[PDB]
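To start, the structure under review is shown below, and the notes come after it.
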Amino acid sequence: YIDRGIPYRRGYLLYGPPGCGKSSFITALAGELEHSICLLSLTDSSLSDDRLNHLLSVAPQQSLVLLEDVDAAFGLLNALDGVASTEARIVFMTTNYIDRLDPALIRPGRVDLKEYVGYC
Amino acid sequence: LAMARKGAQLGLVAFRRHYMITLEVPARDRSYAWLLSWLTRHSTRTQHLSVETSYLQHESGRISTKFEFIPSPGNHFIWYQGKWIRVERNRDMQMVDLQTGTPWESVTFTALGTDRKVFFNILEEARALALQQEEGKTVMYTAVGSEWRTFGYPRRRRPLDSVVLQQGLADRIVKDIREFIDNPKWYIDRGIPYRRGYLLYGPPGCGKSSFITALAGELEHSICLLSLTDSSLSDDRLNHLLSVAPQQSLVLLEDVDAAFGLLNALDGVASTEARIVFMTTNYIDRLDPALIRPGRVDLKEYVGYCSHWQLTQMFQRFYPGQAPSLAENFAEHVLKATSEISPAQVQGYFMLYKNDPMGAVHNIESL
Amino acid sequence: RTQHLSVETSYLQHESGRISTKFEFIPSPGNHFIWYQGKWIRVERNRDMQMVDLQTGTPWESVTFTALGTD
Amino acid sequence: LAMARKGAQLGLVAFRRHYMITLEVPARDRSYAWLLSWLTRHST
């Protein structure tokens with residue numbers, strides 16, 4: 001990645017109905033490959049946008065950042081990427097309804113992969 | 001009677017040794033470890049050995065052990081260029097060393113001859129293995145309140161040739177900086193402030209900031225950046241910030257067009273040594289006309305939409321070992337089908353074909 | 001031409017991850033001889049087990065010049 | 001006279017040992033405990 005002038009970043013985004021085991025699967029994958037995780041809820045009044053940028057910029061090493069219920073939010077379109085690209089800043093974003101999603105959350109660089117988990 | 005003289009003859013032959021034998025002695029201060037790690041790779045059959053571990057226990061409960069091997073106490077023998085060299089790793093009861101909490105652990109090299117040009121090269125070749133491992137990071141800084149702070153952790157410097165602009169700009173800029181930095185005495189004598197600021201301009205999404213941080217990582221400097229589109233910043237504050245920038249660093253100013261005291265704040269009595277400045281902009285039309293005269297803004301360059309050589313170098317750098325004529329035709333197709341493009345948009349369009357060269361060159365018309 | 005030598009380094013590690021090593025060379029413990037203006041002068045760099053020197057955390061390391069004459 | 005030479009012959013045979021015998025030495029730093037817990041399970 002470094003040679004070809006691309007930021008070291010590859011974010012996924014899961015979506016599906018509620019009560020499917022999403023967060024369980026994420027923390028399981030985190031425990032599998034010897035990483036830690038930090039989660040933040042977007043439905044928190046104390047959070048600000050510039051604050052969010054400062055938070056996601058300085059995430060600790062060897063960790064995945066988790067964003068729950070992104071549908072109820074919308075700067076994130078700008079805050080996901082920046083000059084503050086720390087090494088190995090993977091991101092996970094989960095959602096209960098894909099219909100509310102913005103159309104610019106699938107292009108590469110911001111959101112690499114997309115998958116659908118749902119009824120059995 | 002004869003005994004005192006036995007001791008005397010031995011005392012006399014001891015002095016004769018000094019003018020033929022050579023020695024060398026560290027004292028457990030920042031050359032022990034280097035000069036004993038070098039003493040492993042040279043022989044590799046060295047019995048009489050010993051151990052040193054490293055066990056740091058990262059966050060997240062990870063464990064990152066290793067081993068590092070050393071020659072034991074006692075004596076050893078080795079064969080450098082022409083001579084035989086004898087090592088003693090002496091260790092004693094002179095132990096109370098609170099600088100390290102452990103015993104003394106002297107090393108001593110000894111050998112014959114008079115040419116002391118041997119042990120010097122030993123030190124140097126040990127310094128080689130000592131220094132080659134650690135890779136120079138590139139620390140970032142950021143403004144808060146009225147001070148600079150270590151925003152984030154260190155990073156991996158990209159190579160200078162990582163991004164590529166229009167042909168010539170990189171070598172030109174780095175040559176100018178090399179001239180400005182290598183010869184400082186040229187400036188102090190002639191009563192000129194030690195300052196030489198550039199200013200880039202062009203369209204958005206061209207790789208400007210990437211090129212700046214790359215150049216910073218190339219020539220062993222750090223950088224601090226400040227955004228002018230910040231309400232917390234004041235003008236007198238800005239003066240205090242830019243006055244007290246740390247040593248061996250470039251200051252970066254993003255989006256100067258949306259600002260306008262800076263006309264006065266760029267220069268002052270507060271000229272610290274080696275206060276280089278970089279200023280980037282998306283539209284040159286909004287610029288004030290007094291941002292080109294020497295002393296304030298030395299050089300000016302234009303980076304923008306791509307060319308023939310640029311896309312070829314991009315395509316050649318992405319995939320190694322493919323048809324060069326294929327990449328030439330790729331750039332030709334992009335040029336004839338697209339009147340203008342950016343490195344950002346081409347990077348985006350080109351990322352969709354990971355390790356699919358033939359695909360990427362067959363799928364041109366999507367633009 | 002002073003054989004019987006020893007070493008002292010400096011390794012400070014500036015900010016920005018820079019490294020600024022060097023070397024500085026010293027005469028070893030034991031004895032040495034030298035030739036100033038007219039006389040022969042004898043050096044001893046004596047070092048002992050009188051070691052507990054918390055002002056520096058290391059041993060004592062006395063230097064002594066000696067020579068003849070009265071001037 | 002013969003004594004200094006007894007010591008000398010012993011000093012000479014001591015060097016011969018170095019090229020046939022092998023050694024290994026820790027120093028109470030993050031391998032003592034491991035390398036002595038292993039030394040229990042092996043013999044019993």
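For the structure tokens, the naming scheme is as follows: chains receive sequential letters (A, B, ...) according to their order of presentation, residues are indexed from 1 within each chain, and ligands are indexed from 1 in presentation order.
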Please identify all polymer residues within 10 Å of segment 177-187 of chain B, counting only C-alpha atoms, omitting same-chain residues fewer than 4 positions from it, and present them as number ranges by chain. B: 171-173, 191-198, 215, 219, 273-274, 276
Dump N, CA, C and O atoms for the selected residues as an mmCIF file, in the first residue's frame?
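Listed below is the output, again_9.cif:
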```cif
data_model
loop_
_atom_site.group_PDB
_atom_site.id
_atom_site.type_symbol
_atom_site.label_atom_id
_atom_site.label_comp_id
_atom_site.auth_asym_id
_atom_site.auth_seq_id
_atom_site.Cartn_x
_atom_site.Cartn_y
_atom_site.Cartn_z
ATOM 1 N N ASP B 171 12.491 17.540 -8.481
ATOM 2 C CA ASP B 171 13.929 17.756 -8.419
ATOM 3 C C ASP B 171 14.251 19.232 -8.228
ATOM 4 O O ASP B 171 15.185 19.583 -7.498
ATOM 5 N N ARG B 172 13.464 20.115 -8.844
ATOM 6 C CA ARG B 172 13.694 21.546 -8.689
ATOM 7 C C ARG B 172 13.505 21.973 -7.240
ATOM 8 O O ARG B 172 14.367 22.644 -6.653
ATOM 9 N N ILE B 173 12.380 21.583 -6.643
ATOM 10 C CA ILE B 173 12.071 22.012 -5.287
ATOM 11 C C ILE B 173 13.081 21.440 -4.311
ATOM 12 O O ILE B 173 13.570 22.143 -3.414
ATOM 13 N N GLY B 191 23.682 39.659 6.283
ATOM 14 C CA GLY B 191 22.653 40.439 6.941
ATOM 15 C C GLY B 191 21.250 40.175 6.457
ATOM 16 O O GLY B 191 20.418 41.086 6.474
ATOM 17 N N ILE B 192 20.965 38.949 6.032
ATOM 18 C CA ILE B 192 19.651 38.568 5.522
ATOM 19 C C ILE B 192 19.025 37.625 6.543
ATOM 20 O O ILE B 192 19.745 36.803 7.130
ATOM 21 N N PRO B 193 17.717 37.684 6.796
ATOM 22 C CA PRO B 193 17.115 36.694 7.691
ATOM 23 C C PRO B 193 17.157 35.301 7.092
ATOM 24 O O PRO B 193 16.969 35.115 5.888
ATOM 25 N N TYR B 194 17.401 34.317 7.949
ATOM 26 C CA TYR B 194 17.477 32.922 7.525
ATOM 27 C C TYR B 194 16.057 32.419 7.329
ATOM 28 O O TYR B 194 15.428 31.873 8.234
ATOM 29 N N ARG B 195 15.544 32.617 6.121
ATOM 30 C CA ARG B 195 14.152 32.315 5.832
ATOM 31 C C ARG B 195 13.972 32.243 4.327
ATOM 32 O O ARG B 195 14.455 33.115 3.602
ATOM 33 N N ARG B 196 13.274 31.210 3.867
ATOM 34 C CA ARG B 196 12.976 31.058 2.448
ATOM 35 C C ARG B 196 11.688 30.251 2.342
ATOM 36 O O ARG B 196 11.702 29.030 2.514
ATOM 37 N N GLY B 197 10.592 30.940 2.052
ATOM 38 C CA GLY B 197 9.271 30.337 1.994
ATOM 39 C C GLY B 197 8.808 30.166 0.560
ATOM 40 O O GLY B 197 9.012 31.052 -0.276
ATOM 41 N N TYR B 198 8.188 29.022 0.287
ATOM 42 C CA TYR B 198 7.575 28.737 -0.998
ATOM 43 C C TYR B 198 6.060 28.879 -0.892
ATOM 44 O O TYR B 198 5.507 29.190 0.164
ATOM 45 N N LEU B 215 8.221 15.128 0.882
ATOM 46 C CA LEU B 215 9.466 15.882 0.913
ATOM 47 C C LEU B 215 9.963 16.039 2.333
ATOM 48 O O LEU B 215 11.173 16.042 2.577
ATOM 49 N N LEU B 219 14.108 14.415 3.618
ATOM 50 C CA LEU B 219 15.312 15.106 4.058
ATOM 51 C C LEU B 219 15.416 15.218 5.578
ATOM 52 O O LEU B 219 16.057 16.146 6.087
ATOM 53 N N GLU B 273 15.912 30.167 13.713
ATOM 54 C CA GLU B 273 16.757 29.547 12.708
ATOM 55 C C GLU B 273 15.995 28.455 11.973
ATOM 56 O O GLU B 273 15.341 27.611 12.590
ATOM 57 N N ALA B 274 16.067 28.498 10.644
ATOM 58 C CA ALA B 274 15.551 27.443 9.775
ATOM 59 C C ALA B 274 14.027 27.376 9.843
ATOM 60 O O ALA B 274 13.437 26.307 9.993
ATOM 61 N N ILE B 276 11.433 27.513 7.697
ATOM 62 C CA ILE B 276 10.867 27.352 6.367
ATOM 63 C C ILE B 276 9.354 27.298 6.495
ATOM 64 O O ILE B 276 8.813 26.890 7.527
#
```
Contacts of segment 34-37 of chain B at 10 Å (only C-alpha atoms; same-chain gap of 6+ positions) as a list in words: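 Here the qualifying residues turn out to be residues 26, 68, 69, 70, 71, 89, 107, 122, 123, 124, 125, 126, 127, 128, 129, 130 and 131 of chain B.
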Within 7 Å of chain B: each chain C residue with its shortest pair, only C-alpha atoms, as JSON lines:
```
{"residue": "C:3", "atom": "CA", "partner": "B:22", "partner_atom": "CA", "distance": 5.5}
{"residue": "C:4", "atom": "CA", "partner": "B:23", "partner_atom": "CA", "distance": 4.8}
{"residue": "C:5", "atom": "CA", "partner": "B:24", "partner_atom": "CA", "distance": 5.2}
{"residue": "C:6", "atom": "CA", "partner": "B:25", "partner_atom": "CA", "distance": 4.6}
{"residue": "C:7", "atom": "CA", "partner": "B:26", "partner_atom": "CA", "distance": 5.5}
{"residue": "C:9", "atom": "CA", "partner": "B:30", "partner_atom": "CA", "distance": 6.5}
{"residue": "C:16", "atom": "CA", "partner": "B:222", "partner_atom": "CA", "distance": 5.5}
{"residue": "C:17", "atom": "CA", "partner": "B:136", "partner_atom": "CA", "distance": 5.8}
{"residue": "C:18", "atom": "CA", "partner": "B:220", "partner_atom": "CA", "distance": 6.9}
{"residue": "C:28", "atom": "CA", "partner": "B:25", "partner_atom": "CA", "distance": 6.9}
{"residue": "C:49", "atom": "CA", "partner": "B:94", "partner_atom": "CA", "distance": 6.0}
{"residue": "C:51", "atom": "CA", "partner": "B:94", "partner_atom": "CA", "distance": 6.9}
{"residue": "C:52", "atom": "CA", "partner": "B:96", "partner_atom": "CA", "distance": 6.3}
{"residue": "C:57", "atom": "CA", "partner": "B:98", "partner_atom": "CA", "distance": 5.4}
{"residue": "C:58", "atom": "CA", "partner": "B:97", "partner_atom": "CA", "distance": 5.8}
```
Preceding selection exported with N, CA and C atoms as a PDB file, in the first residue's frame:
```pdb
ATOM      1  N   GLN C   3      48.664   4.521  21.756  1.00  0.00           N
ATOM      2  CA  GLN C   3      47.989   3.254  21.957  1.00  0.00           C
ATOM      3  C   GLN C   3      47.466   3.214  23.385  1.00  0.00           C
ATOM      4  N   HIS C   4      46.928   2.069  23.789  1.00  0.00           N
ATOM      5  CA  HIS C   4      46.319   1.912  25.103  1.00  0.00           C
ATOM      6  C   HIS C   4      45.233   2.971  25.318  1.00  0.00           C
ATOM      7  N   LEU C   5      44.161   2.819  24.555  1.00  0.00           N
ATOM      8  CA  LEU C   5      43.127   3.831  24.397  1.00  0.00           C
ATOM      9  C   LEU C   5      41.759   3.289  24.806  1.00  0.00           C
ATOM     10  N   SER C   6      40.750   4.150  24.698  1.00  0.00           N
ATOM     11  CA  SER C   6      39.400   3.884  25.183  1.00  0.00           C
ATOM     12  C   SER C   6      38.446   4.901  24.571  1.00  0.00           C
ATOM     13  N   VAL C   7      37.159   4.709  24.855  1.00  0.00           N
ATOM     14  CA  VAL C   7      36.078   5.267  24.061  1.00  0.00           C
ATOM     15  C   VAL C   7      35.067   5.980  24.941  1.00  0.00           C
ATOM     16  N   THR C   9      31.133   7.782  23.832  1.00  0.00           N
ATOM     17  CA  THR C   9      30.188   8.106  22.776  1.00  0.00           C
ATOM     18  C   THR C   9      29.190   9.153  23.237  1.00  0.00           C
ATOM     19  N   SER C  16      12.089  14.415  15.870  1.00  0.00           N
ATOM     20  CA  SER C  16      11.957  14.003  14.479  1.00  0.00           C
ATOM     21  C   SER C  16      12.708  12.714  14.186  1.00  0.00           C
ATOM     22  N   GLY C  17      13.032  11.937  15.215  1.00  0.00           N
ATOM     23  CA  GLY C  17      13.655  10.650  15.006  1.00  0.00           C
ATOM     24  C   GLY C  17      15.052  10.693  14.431  1.00  0.00           C
ATOM     25  N   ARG C  18      15.700  11.851  14.435  1.00  0.00           N
ATOM     26  CA  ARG C  18      17.057  11.967  13.929  1.00  0.00           C
ATOM     27  C   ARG C  18      18.052  11.405  14.941  1.00  0.00           C
ATOM     28  N   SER C  28      43.508   5.111  27.944  1.00  0.00           N
ATOM     29  CA  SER C  28      42.955   4.082  28.803  1.00  0.00           C
ATOM     30  C   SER C  28      43.451   4.222  30.225  1.00  0.00           C
ATOM     31  N   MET C  49      38.379   0.349  43.499  1.00  0.00           N
ATOM     32  CA  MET C  49      37.131  -0.172  44.036  1.00  0.00           C
ATOM     33  C   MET C  49      36.424   0.802  44.962  1.00  0.00           C
ATOM     34  N   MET C  51      34.098   2.930  44.902  1.00  0.00           N
ATOM     35  CA  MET C  51      33.194   3.114  43.775  1.00  0.00           C
ATOM     36  C   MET C  51      31.919   3.861  44.109  1.00  0.00           C
ATOM     37  N   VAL C  52      31.465   3.813  45.351  1.00  0.00           N
ATOM     38  CA  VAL C  52      30.139   4.323  45.657  1.00  0.00           C
ATOM     39  C   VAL C  52      30.241   5.840  45.680  1.00  0.00           C
ATOM     40  N   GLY C  57      27.566   8.118  40.192  1.00  0.00           N
ATOM     41  CA  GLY C  57      27.082   6.766  39.986  1.00  0.00           C
ATOM     42  C   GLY C  57      28.092   5.772  39.458  1.00  0.00           C
ATOM     43  N   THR C  58      29.339   6.178  39.271  1.00  0.00           N
ATOM     44  CA  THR C  58      30.400   5.352  38.720  1.00  0.00           C
ATOM     45  C   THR C  58      31.628   5.435  39.616  1.00  0.00           C
TER      46      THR C  58
END
```
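In plain terms, chain A touches chain B through residues 1, 2, 3, 4, 5, 6, 31, 34, 35, 36, 37, 54, 57, 58, 59, 60, 61, 62, 63, 83, 84, 85, 86, 87, 107, 108, 109 and 112 of chain A, where touching means an atom at most 10 Å away, counting only C-alpha atoms.
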Would you mind listing what lies within 9 Å of residue 11 of chain C as a PyMOL selection string, with only C-alpha atoms counted and same-chain residues fewer than 6 positions away left out? (chain B and resi 30) or (chain C and resi 19-22)
Using only N, CA and C atoms, please write the residues we just selected to a file, as a PDB file, in the first residue's frame.
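So part27.pdb came out as:
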```pdb
ATOM      1  N   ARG B  30      26.720   2.948  25.800  1.00  0.00           N
ATOM      2  CA  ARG B  30      26.242   3.153  24.432  1.00  0.00           C
ATOM      3  C   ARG B  30      27.226   2.683  23.364  1.00  0.00           C
TER       4      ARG B  30
ATOM      5  N   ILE C  19      19.206  10.977  14.431  1.00  0.00           N
ATOM      6  CA  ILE C  19      20.271  10.387  15.232  1.00  0.00           C
ATOM      7  C   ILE C  19      21.567  11.104  14.883  1.00  0.00           C
ATOM      8  N   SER C  20      22.335  11.468  15.909  1.00  0.00           N
ATOM      9  CA  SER C  20      23.459  12.391  15.801  1.00  0.00           C
ATOM     10  C   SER C  20      24.679  11.855  16.533  1.00  0.00           C
ATOM     11  N   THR C  21      25.037  10.610  16.250  1.00  0.00           N
ATOM     12  CA  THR C  21      26.143   9.974  16.945  1.00  0.00           C
ATOM     13  C   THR C  21      27.474  10.621  16.583  1.00  0.00           C
ATOM     14  N   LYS C  22      28.496  10.220  17.320  1.00  0.00           N
ATOM     15  CA  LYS C  22      29.879  10.628  17.099  1.00  0.00           C
ATOM     16  C   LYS C  22      30.765   9.684  17.901  1.00  0.00           C
TER      17      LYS C  22
END
```
Out of chain A, which residues get strand (DSSP E) from DSSP, as a VMD selection string? chain A and resid 14 to 15 36 to 41 63 to 68 90 to 93 115 to 116
Those same residues, written as a PDB file, in the first residue's frame with N, CA and C atoms?
```pdb
ATOM      1  N   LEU A  14     -21.402  -3.246   7.470  1.00  0.00           N
ATOM      2  CA  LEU A  14     -22.439  -4.261   7.504  1.00  0.00           C
ATOM      3  C   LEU A  14     -23.809  -3.612   7.614  1.00  0.00           C
ATOM      4  N   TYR A  15     -24.821  -4.343   7.158  1.00  0.00           N
ATOM      5  CA  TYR A  15     -26.192  -3.873   7.254  1.00  0.00           C
ATOM      6  C   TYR A  15     -27.130  -5.067   7.228  1.00  0.00           C
ATOM      7  N   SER A  36      -7.639  -5.310  19.354  1.00  0.00           N
ATOM      8  CA  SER A  36      -8.597  -4.725  20.270  1.00  0.00           C
ATOM      9  C   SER A  36      -9.619  -3.915  19.489  1.00  0.00           C
ATOM     10  N   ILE A  37     -10.587  -3.361  20.211  1.00  0.00           N
ATOM     11  CA  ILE A  37     -11.627  -2.551  19.597  1.00  0.00           C
ATOM     12  C   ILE A  37     -12.013  -1.404  20.508  1.00  0.00           C
ATOM     13  N   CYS A  38     -12.350  -0.284  19.880  1.00  0.00           N
ATOM     14  CA  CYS A  38     -13.008   0.835  20.531  1.00  0.00           C
ATOM     15  C   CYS A  38     -14.292   1.114  19.773  1.00  0.00           C
ATOM     16  N   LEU A  39     -15.377   1.335  20.503  1.00  0.00           N
ATOM     17  CA  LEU A  39     -16.672   1.623  19.913  1.00  0.00           C
ATOM     18  C   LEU A  39     -17.130   3.001  20.346  1.00  0.00           C
ATOM     19  N   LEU A  40     -17.872   3.662  19.465  1.00  0.00           N
ATOM     20  CA  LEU A  40     -18.527   4.910  19.814  1.00  0.00           C
ATOM     21  C   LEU A  40     -19.925   4.904  19.233  1.00  0.00           C
ATOM     22  N   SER A  41     -20.879   5.367  20.026  1.00  0.00           N
ATOM     23  CA  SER A  41     -22.254   5.508  19.581  1.00  0.00           C
ATOM     24  C   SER A  41     -22.446   6.886  18.971  1.00  0.00           C
ATOM     25  N   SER A  63      -6.060  -1.711  16.558  1.00  0.00           N
ATOM     26  CA  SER A  63      -7.428  -1.633  17.034  1.00  0.00           C
ATOM     27  C   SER A  63      -8.380  -1.348  15.887  1.00  0.00           C
ATOM     28  N   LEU A  64      -9.607  -1.829  16.047  1.00  0.00           N
ATOM     29  CA  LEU A  64     -10.707  -1.520  15.150  1.00  0.00           C
ATOM     30  C   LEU A  64     -11.646  -0.531  15.819  1.00  0.00           C
ATOM     31  N   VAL A  65     -12.088   0.452  15.057  1.00  0.00           N
ATOM     32  CA  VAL A  65     -13.066   1.421  15.522  1.00  0.00           C
ATOM     33  C   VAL A  65     -14.433   0.987  15.025  1.00  0.00           C
ATOM     34  N   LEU A  66     -15.428   1.110  15.896  1.00  0.00           N
ATOM     35  CA  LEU A  66     -16.780   0.632  15.657  1.00  0.00           C
ATOM     36  C   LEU A  66     -17.763   1.786  15.756  1.00  0.00           C
ATOM     37  N   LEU A  67     -18.670   1.858  14.782  1.00  0.00           N
ATOM     38  CA  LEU A  67     -19.698   2.890  14.724  1.00  0.00           C
ATOM     39  C   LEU A  67     -21.060   2.217  14.598  1.00  0.00           C
ATOM     40  N   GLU A  68     -21.869   2.362  15.645  1.00  0.00           N
ATOM     41  CA  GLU A  68     -23.176   1.734  15.743  1.00  0.00           C
ATOM     42  C   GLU A  68     -24.272   2.711  15.349  1.00  0.00           C
ATOM     43  N   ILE A  90      -8.475   0.648  10.533  1.00  0.00           N
ATOM     44  CA  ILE A  90      -9.636  -0.053  10.007  1.00  0.00           C
ATOM     45  C   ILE A  90     -10.873   0.478  10.711  1.00  0.00           C
ATOM     46  N   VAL A  91     -12.008   0.418  10.025  1.00  0.00           N
ATOM     47  CA  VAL A  91     -13.271   0.919  10.548  1.00  0.00           C
ATOM     48  C   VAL A  91     -14.384  -0.065  10.227  1.00  0.00           C
ATOM     49  N   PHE A  92     -15.324  -0.201  11.160  1.00  0.00           N
ATOM     50  CA  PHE A  92     -16.540  -0.975  10.978  1.00  0.00           C
ATOM     51  C   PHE A  92     -17.737  -0.101  11.309  1.00  0.00           C
ATOM     52  N   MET A  93     -18.772  -0.208  10.485  1.00  0.00           N
ATOM     53  CA  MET A  93     -19.987   0.577  10.635  1.00  0.00           C
ATOM     54  C   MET A  93     -21.171  -0.351  10.447  1.00  0.00           C
ATOM     55  N   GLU A 115     -21.616  -6.015   2.764  1.00  0.00           N
ATOM     56  CA  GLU A 115     -22.193  -7.344   2.879  1.00  0.00           C
ATOM     57  C   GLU A 115     -23.538  -7.246   3.575  1.00  0.00           C
ATOM     58  N   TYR A 116     -24.369  -8.255   3.333  1.00  0.00           N
ATOM     59  CA  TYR A 116     -25.730  -8.318   3.849  1.00  0.00           C
ATOM     60  C   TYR A 116     -25.862  -9.545   4.731  1.00  0.00           C
TER      61      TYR A 116
END
```
Pairwise distance, atom CA of residue 230 of chain B with atom CA of residue 79 of chain A, equals 15.7 Å
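Residue nearest residue 23 of chain D, chosen from B:73, B:145, B:268, B:204 and counting only C-alpha atoms: B:73.
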Given a cut-off of 9 Å, which residues of chain D touch chain B, counting only C-alpha atoms, written out as a PyMOL selection string? chain D and resi 18-27+29-31
Need the shell around residue 148 of chain B: protein/DNA/RNA residues with any atom at most 8 Å away, counting only C-alpha atoms. Skip same-chain ones fewer than 2 positions apart. Format as JSON, numbers by chain? {"B": [141, 142, 143, 144, 146, 150, 224, 241, 245]}
Residues from last step as file, C-alpha atoms, as a CSV table (one decimal), in the first residue's frame:
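File produced: result-v6.csv:
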```csv
chain,number,residue,atom,x,y,z
B,141,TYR,CA,2.8,18.4,15.3
B,142,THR,CA,-0.4,20.4,15.7
B,143,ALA,CA,-1.4,23.7,17.2
B,144,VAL,CA,-3.6,23.8,20.3
B,146,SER,CA,-1.0,28.8,21.9
B,150,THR,CA,2.7,15.9,19.3
B,224,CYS,CA,3.6,21.1,11.9
B,241,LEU,CA,2.7,30.2,17.1
B,245,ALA,CA,8.1,26.7,15.9
```
Backbone-only DSSP, helix (DSSP H, G or I) members of segment 65-314 of chain B, as a VMD selection string: chain B and resid 117 to 131 169 to 182 185 to 188 208 to 218 235 to 243 256 to 258 262 to 265 284 to 286 308 to 314
